[PDB]
Amino acid sequence: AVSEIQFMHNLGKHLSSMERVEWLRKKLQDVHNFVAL
């Protein structure tokens, strides 16, 4: 069975459910908490 690129990719495709919920917090803070330069 696959468990590296097919896995994870065929799981968080829409990115808007449990597991794909904490992800979105980094989508906005990633280039906001640091930036400056």
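Please refer to the structure placed before this passage.
A. Quick look at the pattern of salt bridges. According to the stated counting rule, one finds 3 salt bridges in the structure shown. Across the pair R20 and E19 runs a salt bridge, and its minimum N-O distance is 3.0 Å. By relative accessible area, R20 is classed as buried at 14%. When the shortest N-O distance is used, the salt bridge between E22 and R25 registers 3.1 Å. Taken together, the residues span about one helical turn, with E22 and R25 both in helix α2 (residues 22-29) at a distance of 3 residues. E22 gets classed as partly exposed once you look at its relative accessible area, which sits at 36%. Under the relative-accessibility criterion, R25 is labelled partly exposed at 41%. Taken together, the shared-partner salt bridges in this structure form one network comprising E22, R25 and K26.

About the criteria used
- What you see is numbering from 1 along each chain in written sequence order, possibly unlike the entry, with residues lacking coordinates removed.
- Side-chain metrics in this entry use all non-hydrogen atoms of the structure; hydrogen atoms and water are not considered.
- We define a salt bridge as a contact between a side-chain nitrogen of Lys or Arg and a carboxyl oxygen of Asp or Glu at a distance within 4 Å.
- Buried residues are those whose accessible area, probed at 1.4 Å on protein chains only, stays under 20% of the maximum for their type, while exposed residues exceed 50% and partly exposed ones sit between those limits.
- Secondary structure elements follow DSSP: runs of H or I of four or more residues count as helices, runs of E of two or more count as strands, with numbering from the N terminus.

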